[PDB]
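# Examining the three-dimensional arrangement
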Amino acid sequence: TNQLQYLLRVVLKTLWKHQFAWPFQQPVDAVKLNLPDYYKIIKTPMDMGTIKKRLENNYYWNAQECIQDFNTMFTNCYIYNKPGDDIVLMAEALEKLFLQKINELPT
Ligand SMILES: CCc1nc(COC)c(-c2cc3c(=O)n(C)cc(-c4cc(C(C)(C)O)ccc4Oc4c(C)cc(F)cc4C)c3o2)[nH]1
């Protein structure tokens, strides 16, 4: 019933497994991909890699701080990219699944 435990062992596990996870398993390396304007446009970057770490290393005060970061990851992608881009359809897919798993969240 500890919610952070649930986010790690169940929510993050399911999303990490998913077909479309791989572009979100690590920070967007703006240099390698030649994105000069990314860290200017996106104020608080986020990826499942960093969320994973933060859950493992007892960083989050509570589950709501963690769920905020997941949402930042999605909105970040929807901000920087054009709608109907492939990257977006992938984040949208992940988000749907994320919100299903958050509804079975133990109280
Ligand atoms: C190369 C210039 C560029 N255009 C875009 C948007 O088009 C999909 C991006 C872009 C945006 C964007 C993004 O928002 N996220 C979260 C992740 C990527 C991305 C990241 C990486 C790595 C693993 C190196 O970090 C690899 C591929 C990424 O995006 C894709 C994807 C997902 C599919 C593609 F066909 C081509 C790219 C560039 C990523 O790439 N970059």
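Residues numbered from 1 in each chain as written, not as in the entry; some residues may be left out. Heavy atoms only, no water. Residues with missing side-chain atoms left out of burial classes, pairs and counts.

The protein carries the name BRD4_HUMAN in the PDB entry, which gives Homo sapiens as its organism.

### Observations concerning the packing of aromatic side chains
As enumerated under the stated definition, the model contains five aromatic pairs in all. When the centroid spacing of 4.8 Å and the interplanar angle of 55° are considered together, the rings of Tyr38 and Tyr80 count as tilted. Note that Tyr38 is positioned in helix α3 (residues 38-41) and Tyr80 in helix α5 (residues 63-80), a separation of 42 residues in sequence. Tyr80 carries the same exposure label as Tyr38, and that label is buried. By way of ring pairs, the aromatic residues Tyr38, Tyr39 and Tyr80 are connected into one cluster. (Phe/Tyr/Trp six-rings, centres within 6.5 Å; stacked < 30°, edge-to-face > 60°. Helix = DSSP H or I, 4+ residues; strand = E, 2+ residues; numbered from the N terminus. Buried < 20%, exposed > 50% of the residue type's maximum accessible area, 1.4 Å probe, protein only.)

### What to know about the site of the ligand
Looking at the ligand, the residues that line it are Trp22, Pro23, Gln26, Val28, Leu33, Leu35, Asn81, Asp85 and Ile87. For the ligand, an oxygen atom lies 3.1 Å from a polar atom in the side chain of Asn81. Considering the ligand on its own, with 750 Å² of exposed area, one finds that the protein chains cover 65% of that surface. A class-by-class count of the residues in the shell around the ligand yields six nonpolar, two polar and one charged. (Near = heavy atom within 4 Å. Polar contact = N/O pair within 3.5 Å; in protein donor to acceptor, adjacent residues only side chain to side chain. Areas by Shrake-Rupley, 256 points an atom, 1.4 Å probe, with all protein chains shown as cover. Nonpolar A, V, L, I, M, F, W, Y, C, P; charged D, E, K, R; others polar.)

### Focus: the packing of helix α4 (residues 48-56) against α5
Interhelical geometry of α4 versus α5 gives an angle of 170° and a closest axis separation of 10 Å. As summarised for this structure, α4 and α5 are arranged roughly antiparallel, according to the angle between their axes. From α4, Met48, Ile51, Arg54 and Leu55 reach across to α5, where they touch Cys66, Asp69, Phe70 and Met73. A per-class count over the contact of α4 with α5 returns six nonpolar, no polar and two charged. (Axes fitted to C-alpha atoms, helices over the stretch in contact; angles between N-to-C directions. Parallel < 35°, antiparallel > 145°, perpendicular 65-115°, else oblique. Contact = heavy atoms within 4.5 Å.)

### What to know about the packing of helix α1 (residues 3-17) against helix α6 (residues 86-103)
Across the interface, α1 lies against α6 with an axial gap of 9 Å and an inter-helix angle of 150°. By the angle class used here, α1 and α6 are roughly antiparallel. Read as a crossing pair, α1 and α6 show a hand that is right-handed. Contacts between α1 and α6 involve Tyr6, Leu7, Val10, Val11, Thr14 and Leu15 from the former and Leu94, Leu97, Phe98, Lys101 and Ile102 from the latter. Broken down by class, the residue content of the contact of α1 with α6 amounts to nine nonpolar, one polar and one charged. (Left-handed = near helix turned anticlockwise from the far one by under 90°.)

### Section: α4
Within α4 the residues assigned to the buried category are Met48, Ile51, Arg54 and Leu55. Viewed along the axis of α4, the buried residues span an arc of 120°, placing them on a single side of the element. At its buried positions, α4 is contacted by α1 and α5. Of the residues flanking the start of α4, the one acting as N-cap is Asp47, its side-chain oxygen 3.0 Å from the backbone nitrogen of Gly49. (Arc of directions from axis to C-beta.)

### Topic: unusual backbone geometry
Not every positive phi belongs to a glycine, and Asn34 is a case in point at roughly 70°. Mapped onto the secondary structure, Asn34 falls in the loop between α2 (30-33) and α3. A relative accessible area of 63% means that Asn34 is categorised as exposed.

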